[PDB]
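Only one chain comes next, encoded as structure tokens, the form deposited in one PDB entry.
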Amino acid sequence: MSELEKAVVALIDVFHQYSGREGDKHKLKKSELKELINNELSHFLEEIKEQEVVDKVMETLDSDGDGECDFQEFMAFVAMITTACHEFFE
């Protein structure tokens, strides 16, 4: 696989690693999302230690309002992080 193909598969893998922990195995609840950010973006994003931050993140990502982050909403999250990563050095 190319680096791009590996990256695509890595996005799928990390989503399911976390979404499969509790409840709907195909969506991230608040706790799953929090651990995803804290464990897997520890170099990019500040560790989340406040409920209010967890709440605000979910509220931002939860486009359809069902209180969870589904795959499509996670793709939008990845675009946000990647864009922020890309804009950091400008």
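C-alpha atoms forming the largest set that superposes within 1.5 Å between two forms make up the rigid core. From 1 onward, residues are counted along the sequence shown.
Between 81-89 and 4-12, larger RMS Cα displacement in 6 other deposited structures of this protein after core fit: Per-stretch check in 6 other deposited structures of this protein: the more divergent one is 81-89.
Residue stretch of maximal mean CA temperature factor, 32-40 vs 47-55: Here the higher of the two C-alpha B-factor means belongs to 47-55.
Of 6-14 and 65-73, the stretch whose C-alpha atoms average the higher B-factor in the entry: So the stretch with the higher mean C-alpha B-factor is 65-73.
Keep in mind that the form solved in complex with a partner chain is not shown, yet the notes after this line are about it.
Partner contact for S31 in the deposited bound form: the partner chain, 4.5 angstroms, heavy atom: Close contact is absent here: in the deposited bound form, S31 is far from the partner chain, nothing within 4.5 Å, heavy atoms only.
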